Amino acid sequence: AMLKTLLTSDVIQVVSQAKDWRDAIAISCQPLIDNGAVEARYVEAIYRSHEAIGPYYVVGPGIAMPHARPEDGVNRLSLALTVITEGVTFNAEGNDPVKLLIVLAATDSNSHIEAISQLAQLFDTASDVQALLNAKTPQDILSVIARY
């Protein structure tokens, strides 16, 4: 019942255009820095991994799950969700452009596993992914997430 609880309006973004992948990630993480769920260094860990290792957190066509380790500055279980209606390139091969970002932050494996289990179901539900990839407002998103 987790996604519905975690993904409230305050951590849901719809923006038309991101400057680039870094802006897309920042947009998504700023509410979690602001509410104390993650330290600012968490986003930095994400950027540094992207730059050094590559966009392996892009999980399928149009969908990214930016995240880093519990030790990289997570304070509590938290998610954020952004839709970039124009799409943004992550140089993730055929998965570009990315239009949906769901940031994950967990402090431990029990909570990680539960959150991932739910996200796996969401990402495997094409009509819900379609509704999110095509979302224009936070309500579009909240309506999907209401079923989780």
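Residue numbers run from 1 along the displayed sequence.
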*Is the mean CA B factor in the deposited entry higher across 91 to 99 or across 66 to 74?*
91 to 99
*Per the entry, where is the mean C-alpha temperature factor higher: 21 to 29 or 7 to 15?*
7 to 15
*Please place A115 in the lowest, middle or highest third of its chain by C-alpha B factor as given in the entry.*
middle
_What third of the chain does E44 rank in for C-alpha temperature factor, lowest, middle or highest?_
lowest
*Lowest, middle or highest third: where is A105 by C-alpha B factor in its chain?*
lowest
*Sorting the chain's CA B-factors, does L122 end up in the lowest, middle or highest third?*
middle
*Comparing against every modelled residue in the chain, figure out the third that the C-alpha B-factor of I84 lands in (lowest, middle or highest).*
highest
